[PDB]
>>> print(open('query_23.cif').read())   # mmCIF, C-alpha atoms
data_structure
#
loop_
_atom_site.label_atom_id
_atom_site.label_comp_id
_atom_site.auth_asym_id
_atom_site.auth_seq_id
_atom_site.Cartn_x
_atom_site.Cartn_y
_atom_site.Cartn_z
CA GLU V 1 -43.21 -68.51 -67.57
CA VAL V 2 -39.61 -69.41 -68.43
CA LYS V 3 -37.38 -67.52 -66.04
CA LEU V 4 -33.61 -67.20 -65.74
CA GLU V 5 -31.51 -64.99 -63.45
CA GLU V 6 -27.74 -64.59 -63.38
CA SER V 7 -25.69 -63.35 -60.43
CA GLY V 8 -22.08 -63.10 -59.33
CA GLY V 9 -20.68 -60.57 -61.78
CA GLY V 10 -18.35 -57.80 -60.69
CA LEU V 11 -15.03 -56.01 -61.00
CA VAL V 12 -11.97 -58.26 -61.02
CA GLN V 13 -8.20 -58.01 -61.66
CA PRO V 14 -6.63 -59.64 -64.72
CA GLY V 15 -5.48 -63.11 -63.69
CA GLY V 16 -8.25 -63.26 -61.11
CA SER V 17 -11.28 -65.54 -60.82
CA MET V 18 -15.02 -65.23 -60.48
CA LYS V 19 -17.96 -67.65 -60.36
CA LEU V 20 -21.33 -66.87 -61.95
CA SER V 21 -24.59 -68.57 -61.01
CA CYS V 22 -27.86 -68.94 -62.87
CA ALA V 23 -31.20 -69.81 -61.23
CA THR V 24 -34.00 -71.09 -63.48
CA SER V 25 -37.68 -72.04 -63.53
CA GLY V 26 -40.60 -72.59 -65.89
CA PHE V 27 -39.18 -75.47 -67.94
CA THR V 28 -37.78 -78.98 -67.31
CA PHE V 29 -34.19 -78.31 -66.28
CA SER V 30 -32.93 -81.89 -66.39
CA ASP V 31 -33.82 -82.12 -70.11
CA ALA V 32 -32.28 -78.78 -71.07
CA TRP V 33 -28.83 -78.31 -72.55
CA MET V 34 -27.68 -75.10 -70.80
CA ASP V 35 -25.36 -72.32 -72.03
CA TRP V 36 -23.51 -69.13 -71.22
CA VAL V 37 -23.33 -66.38 -73.84
CA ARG V 38 -21.52 -63.09 -73.27
CA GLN V 39 -21.89 -59.63 -74.78
CA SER V 40 -18.37 -58.30 -75.18
CA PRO V 41 -17.74 -54.57 -75.70
CA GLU V 42 -15.13 -55.70 -78.23
CA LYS V 43 -16.68 -58.74 -79.99
CA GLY V 44 -20.41 -58.34 -79.29
CA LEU V 45 -22.63 -61.35 -78.55
CA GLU V 46 -20.69 -64.60 -78.47
CA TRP V 47 -21.41 -68.09 -77.14
CA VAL V 48 -19.01 -69.13 -74.31
CA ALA V 49 -19.94 -72.58 -72.93
CA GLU V 50 -22.48 -75.41 -73.06
CA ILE V 51 -23.34 -78.27 -70.73
CA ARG V 52 -25.54 -81.11 -71.92
CA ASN V 53 -28.15 -83.11 -70.06
CA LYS V 54 -27.49 -86.21 -67.93
CA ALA V 55 -28.38 -88.58 -70.78
CA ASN V 56 -25.54 -87.02 -72.79
CA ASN V 57 -23.11 -87.38 -69.84
CA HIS V 58 -23.45 -83.71 -68.80
CA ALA V 59 -20.76 -83.18 -71.47
CA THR V 60 -19.15 -79.70 -71.66
CA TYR V 61 -18.07 -77.63 -74.67
CA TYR V 62 -16.22 -74.31 -74.71
CA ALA V 63 -15.35 -71.45 -77.03
CA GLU V 64 -11.64 -71.69 -77.99
CA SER V 65 -11.00 -68.30 -76.32
CA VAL V 66 -12.05 -69.60 -72.87
CA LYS V 67 -11.16 -73.31 -73.08
CA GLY V 68 -8.98 -74.37 -70.16
CA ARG V 69 -9.83 -71.25 -68.14
CA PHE V 70 -13.61 -71.52 -67.74
CA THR V 71 -15.65 -74.37 -66.29
CA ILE V 72 -19.37 -74.69 -66.84
CA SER V 73 -21.25 -76.92 -64.41
CA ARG V 74 -24.86 -77.63 -63.44
CA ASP V 75 -26.85 -78.82 -60.47
CA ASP V 76 -29.98 -80.57 -61.67
CA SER V 77 -31.29 -80.79 -58.09
CA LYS V 78 -31.17 -76.98 -57.77
CA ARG V 79 -32.01 -76.22 -61.41
CA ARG V 80 -28.91 -74.02 -61.58
CA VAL V 81 -26.08 -73.61 -64.07
CA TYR V 82 -22.71 -72.07 -63.14
CA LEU V 83 -19.68 -70.59 -64.86
CA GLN V 84 -16.39 -70.63 -62.99
CA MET V 85 -13.90 -68.23 -64.58
CA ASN V 86 -10.15 -68.43 -63.93
CA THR V 87 -7.13 -66.43 -65.10
CA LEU V 88 -9.42 -63.67 -66.32
CA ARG V 89 -8.32 -61.43 -69.21
CA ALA V 90 -9.37 -57.90 -70.19
CA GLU V 91 -10.90 -59.70 -73.16
CA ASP V 92 -13.39 -61.46 -70.86
CA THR V 93 -15.12 -58.19 -69.91
CA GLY V 94 -18.81 -58.12 -70.78
CA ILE V 95 -22.41 -58.96 -69.84
CA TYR V 96 -22.81 -62.68 -69.12
CA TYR V 97 -26.15 -64.34 -69.84
CA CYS V 98 -27.37 -67.83 -69.14
CA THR V 99 -29.72 -69.43 -71.63
CA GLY V 100 -30.28 -72.88 -73.14
CA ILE V 101 -32.04 -75.09 -75.67
CA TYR V 102 -35.79 -75.36 -75.14
CA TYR V 103 -38.38 -77.87 -76.39
CA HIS V 104 -40.64 -75.52 -78.39
CA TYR V 105 -37.78 -73.33 -79.59
CA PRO V 106 -34.58 -75.41 -79.86
CA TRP V 107 -32.18 -72.44 -79.72
CA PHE V 108 -31.39 -69.60 -77.31
CA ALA V 109 -35.01 -68.47 -77.02
CA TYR V 110 -35.02 -67.17 -73.42
CA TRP V 111 -32.17 -65.38 -71.64
CA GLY V 112 -31.53 -64.06 -68.14
CA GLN V 113 -31.17 -60.32 -67.46
CA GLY V 114 -27.37 -60.65 -67.59
CA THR V 115 -24.63 -60.01 -65.03
CA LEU V 116 -21.79 -57.56 -65.80
CA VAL V 117 -18.21 -58.86 -65.49
CA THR V 118 -15.58 -56.10 -65.60
CA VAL V 119 -11.89 -57.03 -65.72
CA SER V 120 -9.81 -54.09 -64.48
CA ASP P 1 -17.80 -70.55 -86.90
CA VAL P 2 -20.48 -69.11 -89.18
CA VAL P 3 -19.90 -65.37 -89.43
CA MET P 4 -23.02 -63.20 -89.32
CA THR P 5 -22.67 -59.68 -90.73
CA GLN P 6 -25.34 -57.00 -90.78
CA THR P 7 -25.70 -53.45 -92.04
CA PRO P 8 -26.04 -50.69 -91.13
CA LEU P 9 -24.63 -50.35 -87.61
CA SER P 10 -27.05 -47.44 -87.08
CA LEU P 11 -30.32 -46.91 -89.00
CA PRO P 12 -31.85 -43.42 -88.60
CA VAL P 13 -35.44 -43.26 -89.85
CA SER P 14 -38.42 -40.92 -89.48
CA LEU P 15 -41.45 -42.11 -87.49
CA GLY P 16 -43.97 -43.77 -89.81
CA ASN P 17 -41.25 -44.63 -92.33
CA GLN P 18 -40.06 -48.07 -93.41
CA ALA P 19 -36.71 -49.48 -92.21
CA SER P 20 -34.84 -52.46 -93.67
CA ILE P 21 -31.87 -54.29 -92.09
CA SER P 22 -29.58 -56.59 -94.15
CA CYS P 23 -28.03 -59.71 -92.65
CA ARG P 24 -25.62 -62.09 -94.38
CA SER P 25 -24.16 -65.41 -93.21
CA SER P 26 -20.80 -66.86 -94.27
CA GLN P 27 -22.57 -70.07 -95.26
CA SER P 28 -26.07 -71.35 -96.01
CA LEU P 29 -28.40 -71.44 -93.03
CA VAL P 30 -30.52 -74.26 -94.50
CA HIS P 31 -30.39 -77.04 -91.91
CA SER P 32 -30.33 -80.71 -92.95
CA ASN P 33 -34.00 -80.89 -91.91
CA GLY P 34 -34.62 -78.33 -94.67
CA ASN P 35 -35.64 -75.52 -92.30
CA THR P 36 -33.65 -72.27 -91.92
CA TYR P 37 -32.67 -71.15 -88.43
CA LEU P 38 -32.06 -67.42 -88.90
CA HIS P 39 -33.46 -65.34 -86.03
CA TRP P 40 -33.68 -61.68 -85.03
CA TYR P 41 -33.40 -60.39 -81.46
CA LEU P 42 -34.26 -56.90 -80.21
CA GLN P 43 -32.33 -55.40 -77.30
CA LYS P 44 -33.41 -52.38 -75.22
CA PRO P 45 -30.95 -50.41 -73.08
CA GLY P 46 -29.79 -52.33 -70.02
CA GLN P 47 -31.81 -55.45 -70.93
CA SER P 48 -31.06 -58.83 -72.51
CA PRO P 49 -31.77 -59.54 -76.18
CA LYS P 50 -35.38 -60.68 -76.70
CA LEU P 51 -36.42 -63.05 -79.48
CA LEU P 52 -38.30 -61.06 -82.12
CA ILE P 53 -38.45 -63.12 -85.35
CA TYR P 54 -37.48 -66.80 -85.55
CA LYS P 55 -36.78 -69.12 -88.47
CA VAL P 56 -36.61 -66.26 -91.01
CA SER P 57 -40.22 -65.03 -90.85
CA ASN P 58 -42.05 -66.19 -87.72
CA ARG P 59 -43.12 -63.53 -85.24
CA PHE P 60 -42.44 -64.35 -81.63
CA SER P 61 -45.12 -63.88 -79.02
CA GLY P 62 -46.44 -60.34 -78.90
CA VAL P 63 -44.45 -59.04 -81.88
CA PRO P 64 -46.45 -56.76 -84.24
CA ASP P 65 -47.09 -57.71 -87.86
CA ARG P 66 -45.20 -54.53 -88.86
CA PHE P 67 -42.10 -56.71 -88.40
CA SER P 68 -41.53 -59.00 -91.36
CA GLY P 69 -38.47 -61.14 -91.93
CA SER P 70 -37.38 -62.38 -95.34
CA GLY P 71 -34.59 -64.06 -97.24
CA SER P 72 -32.89 -67.38 -97.87
CA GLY P 73 -29.57 -69.23 -97.93
CA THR P 74 -27.01 -66.65 -96.83
CA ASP P 75 -28.97 -63.43 -97.37
CA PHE P 76 -31.72 -62.09 -95.13
CA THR P 77 -33.71 -58.95 -94.40
CA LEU P 78 -35.73 -57.57 -91.50
CA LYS P 79 -38.29 -55.03 -92.60
CA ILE P 80 -39.91 -52.78 -90.02
CA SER P 81 -42.94 -51.02 -91.50
CA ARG P 82 -44.27 -47.73 -90.15
CA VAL P 83 -41.63 -47.35 -87.45
CA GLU P 84 -42.80 -46.32 -83.97
CA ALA P 85 -40.91 -45.31 -80.83
CA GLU P 86 -41.64 -48.78 -79.36
CA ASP P 87 -39.43 -50.29 -82.07
CA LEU P 88 -36.32 -48.45 -80.88
CA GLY P 89 -33.41 -50.59 -79.75
CA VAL P 90 -30.64 -52.74 -81.23
CA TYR P 91 -31.63 -55.55 -83.62
CA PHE P 92 -29.34 -58.57 -83.94
CA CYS P 93 -29.58 -61.32 -86.51
CA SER P 94 -28.38 -64.73 -85.35
CA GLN P 95 -28.11 -68.27 -86.70
CA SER P 96 -28.72 -71.56 -84.89
CA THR P 97 -28.46 -73.94 -87.88
CA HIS P 98 -24.78 -74.57 -87.15
CA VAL P 99 -22.97 -75.17 -83.86
CA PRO P 100 -21.84 -72.85 -82.30
CA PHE P 101 -24.74 -70.40 -82.57
CA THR P 102 -23.47 -66.97 -83.69
CA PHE P 103 -24.68 -63.35 -83.86
CA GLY P 104 -24.40 -60.28 -86.06
CA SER P 105 -22.90 -57.06 -84.63
CA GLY P 106 -26.30 -55.38 -84.38
CA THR P 107 -28.21 -52.48 -85.89
CA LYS P 108 -29.46 -49.59 -83.75
CA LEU P 109 -32.78 -48.27 -85.01
CA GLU P 110 -33.09 -44.58 -84.21
CA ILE P 111 -35.46 -41.72 -84.99
CA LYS P 112 -33.96 -38.93 -87.13
CA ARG P 113 -35.55 -35.50 -87.57
#
>>> encode(input="query_23.cif", output="structure tokens")
Amino acid sequence: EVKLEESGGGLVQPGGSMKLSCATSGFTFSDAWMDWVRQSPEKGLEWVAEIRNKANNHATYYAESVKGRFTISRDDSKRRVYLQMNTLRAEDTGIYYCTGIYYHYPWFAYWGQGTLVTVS
Amino acid sequence: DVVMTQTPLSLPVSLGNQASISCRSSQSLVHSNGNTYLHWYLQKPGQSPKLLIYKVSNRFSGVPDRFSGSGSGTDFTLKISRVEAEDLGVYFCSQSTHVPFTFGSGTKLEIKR
């Protein structure tokens, strides 16, 4: 079974910072391009960040709205992907999901349960 | 980014009735490999969106044949035949032909009496 679980969400002041973690199993992590998508109470579901596999230099790509403030990273040894958020805005409030691109379904086919980030 | 728009926001239906959701993309979802990556997710309260229909018309694992997806290019439809209480939730169309992947605003299926 493909399994993903996010943690780290919570209430935070504007301008503050918060790191999310995502633990995974049930697929080859080192092959997977990994992503964060958020469900905003203002914008709905919206892709946030992607980090590629080692063979593509673990290259990172961000939504314009979070570029320069958010940092997506991965640990292939732990099969975990992270999202470090800085200088948070009210706009960043929402449910944050980790997901990725899978061999049999090369799009966001499986998602974690989501972790709620609330900017006060 | 490719803008996905779907109507209605809320879709009241009677049990046993047919429901149809419209989804439009701001540009063609035909990929260069000739396939069309329009998908539908269903979300229940407090849970993550679950893949329901993928690539226009393919039912994901465990999805009843009462769900049938249709359409082409920029214009798509999800038809839910003989609606049951299990079908309740918010349906999202989504495209993964173009990077970044994007999502419609959602349609809440609900039972009206």
>>> interface_residues(input="query_23.cif", of="chain P", to="chain V", cutoff="8 Å", atoms="only C-alpha atoms", output="PyMOL selection string")
chain P and resi 47-51+96+100-105
>>> residues_around(input="query_23.cif", residues="residue 66 in chain P", least_positions_apart="6", cutoff="8 Å", atoms="all atoms listed in the file", output="PyMOL selection string")
chain P and resi 79-82
>>> residues_around(input="query_23.cif", residues="range 12-18 of chain V", least_positions_apart="6", cutoff="12 Å", atoms="only C-alpha atoms", output="list in words")
residues 69, 70, 71, 82, 83, 84, 85, 86, 87, 88, 89, 90, 91, 92, 93, 94, 96, 115, 116, 117, 118, 119 and 120 of chain V
>>> resolve_selection(input="query_23.cif", expression="the PyMOL selection byres ((chain P and resi 15) around 7)", output="list in words")
residues 13, 14, 16, 17, 82, 83, 84 and 111 of chain P
>>> atom_distance(input="query_23.cif", atom1="CA of residue 51 in chain V", atom2="CA of residue 9 in chain V")
20.0 Å
>>> resolve_selection(input="query_23.cif", expression="the PyMOL selection byres ((chain P and resi 1) around 10)", output="PyMOL selection string")
chain P and resi 2-4+26-27+98-102
>>> residues_around(input="query_23.cif", residues="residue 52 in chain P", least_positions_apart="3", cutoff="6 Å", atoms="all atoms listed in the file", output="number ranges by chain")
P: 40-41, 60
>>> resolve_selection(input="query_23.cif", expression="the PyMOL selection byres ((chain V and resi 35) around 6)", output="list in words")
residues 34, 36, 49, 50, 98, 99 and 100 of chain V
>>> residues_around(input="query_23.cif", residues="residue 24 in chain P", least_positions_apart="2", cutoff="12 Å", atoms="all atoms listed in the file", output="PyMOL selection string")
chain P and resi 2-8+21-22+26-29+38-39+70-78+92-95+102-105
>>> closest_residue(input="query_23.cif", among="V:38, V:52, V:19, V:79", to="residue 3 in chain V", atoms="only C-alpha atoms")
V:79
>>> atom_distance(input="query_23.cif", atom1="CA of residue 32 in chain V", atom2="CA of residue 78 in chain V")
13.5 Å
>>> closest_residue(input="query_23.cif", among="P:19, P:109, P:55, P:85", to="residue 31 in chain P", atoms="all atoms listed in the file")
P:55
>>> closest_residue(input="query_23.cif", among="V:28, V:42, V:20, V:74", to="residue 1 in chain V", atoms="all atoms listed in the file")
V:28
>>> axis_aligned_box(input="query_23.cif", around="range 25-44 of chain P", padding_each_side="8 Å", output="JSON")
{"center_x": -28.2, "center_y": -66.6, "center_z": -85.6, "size_x": 30.8, "size_y": 44.5, "size_z": 36.8}
>>> build_atoms(input="query_23.cif", residues="range 11-25 of chain P", atoms="N, CA, C and O atoms", output="mmCIF file, in the coordinates of the input")
data_model
loop_
_atom_site.group_PDB
_atom_site.id
_atom_site.type_symbol
_atom_site.label_atom_id
_atom_site.label_comp_id
_atom_site.auth_asym_id
_atom_site.auth_seq_id
_atom_site.Cartn_x
_atom_site.Cartn_y
_atom_site.Cartn_z
ATOM 1 N N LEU P 11 -29.291 -47.122 -87.985
ATOM 2 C CA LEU P 11 -30.320 -46.910 -89.000
ATOM 3 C C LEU P 11 -31.294 -45.815 -88.554
ATOM 4 O O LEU P 11 -32.309 -46.082 -87.893
ATOM 5 N N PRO P 12 -30.972 -44.552 -88.883
ATOM 6 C CA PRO P 12 -31.850 -43.420 -88.600
ATOM 7 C C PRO P 12 -33.020 -43.420 -89.570
ATOM 8 O O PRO P 12 -32.825 -43.497 -90.785
ATOM 9 N N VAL P 13 -34.230 -43.327 -89.034
ATOM 10 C CA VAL P 13 -35.440 -43.260 -89.850
ATOM 11 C C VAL P 13 -36.400 -42.250 -89.239
ATOM 12 O O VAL P 13 -36.314 -41.965 -88.051
ATOM 13 N N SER P 14 -37.307 -41.702 -90.038
ATOM 14 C CA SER P 14 -38.420 -40.920 -89.480
ATOM 15 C C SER P 14 -39.530 -41.838 -88.978
ATOM 16 O O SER P 14 -39.741 -42.931 -89.531
ATOM 17 N N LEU P 15 -40.236 -41.406 -87.934
ATOM 18 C CA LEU P 15 -41.450 -42.110 -87.490
ATOM 19 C C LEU P 15 -42.431 -42.292 -88.650
ATOM 20 O O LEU P 15 -42.581 -41.403 -89.487
ATOM 21 N N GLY P 16 -43.027 -43.480 -88.739
ATOM 22 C CA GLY P 16 -43.970 -43.770 -89.810
ATOM 23 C C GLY P 16 -43.304 -44.286 -91.078
ATOM 24 O O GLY P 16 -43.977 -44.772 -91.995
ATOM 25 N N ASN P 17 -41.980 -44.161 -91.154
ATOM 26 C CA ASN P 17 -41.250 -44.630 -92.330
ATOM 27 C C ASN P 17 -40.934 -46.117 -92.218
ATOM 28 O O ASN P 17 -41.072 -46.718 -91.155
ATOM 29 N N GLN P 18 -40.533 -46.693 -93.339
ATOM 30 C CA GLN P 18 -40.060 -48.070 -93.410
ATOM 31 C C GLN P 18 -38.549 -48.150 -93.143
ATOM 32 O O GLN P 18 -37.781 -47.356 -93.682
ATOM 33 N N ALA P 19 -38.128 -49.175 -92.407
ATOM 34 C CA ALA P 19 -36.710 -49.480 -92.210
ATOM 35 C C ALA P 19 -36.408 -50.918 -92.634
ATOM 36 O O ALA P 19 -37.206 -51.828 -92.403
ATOM 37 N N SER P 20 -35.266 -51.117 -93.275
ATOM 38 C CA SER P 20 -34.840 -52.460 -93.670
ATOM 39 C C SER P 20 -33.389 -52.734 -93.245
ATOM 40 O O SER P 20 -32.484 -51.929 -93.501
ATOM 41 N N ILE P 21 -33.193 -53.858 -92.559
ATOM 42 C CA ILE P 21 -31.870 -54.290 -92.090
ATOM 43 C C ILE P 21 -31.394 -55.503 -92.910
ATOM 44 O O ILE P 21 -32.153 -56.448 -93.103
ATOM 45 N N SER P 22 -30.158 -55.460 -93.408
ATOM 46 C CA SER P 22 -29.580 -56.590 -94.150
ATOM 47 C C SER P 22 -28.717 -57.444 -93.247
ATOM 48 O O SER P 22 -27.982 -56.930 -92.407
ATOM 49 N N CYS P 23 -28.844 -58.757 -93.400
ATOM 50 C CA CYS P 23 -28.030 -59.710 -92.650
ATOM 51 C C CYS P 23 -27.529 -60.790 -93.608
ATOM 52 O O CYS P 23 -28.268 -61.274 -94.459
ATOM 53 N N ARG P 24 -26.235 -61.068 -93.543
ATOM 54 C CA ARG P 24 -25.620 -62.090 -94.380
ATOM 55 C C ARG P 24 -24.870 -63.097 -93.493
ATOM 56 O O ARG P 24 -24.354 -62.743 -92.432
ATOM 57 N N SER P 25 -24.912 -64.365 -93.887
ATOM 58 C CA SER P 25 -24.160 -65.410 -93.210
ATOM 59 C C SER P 25 -23.030 -65.895 -94.123
ATOM 60 O O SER P 25 -23.149 -65.834 -95.357
#
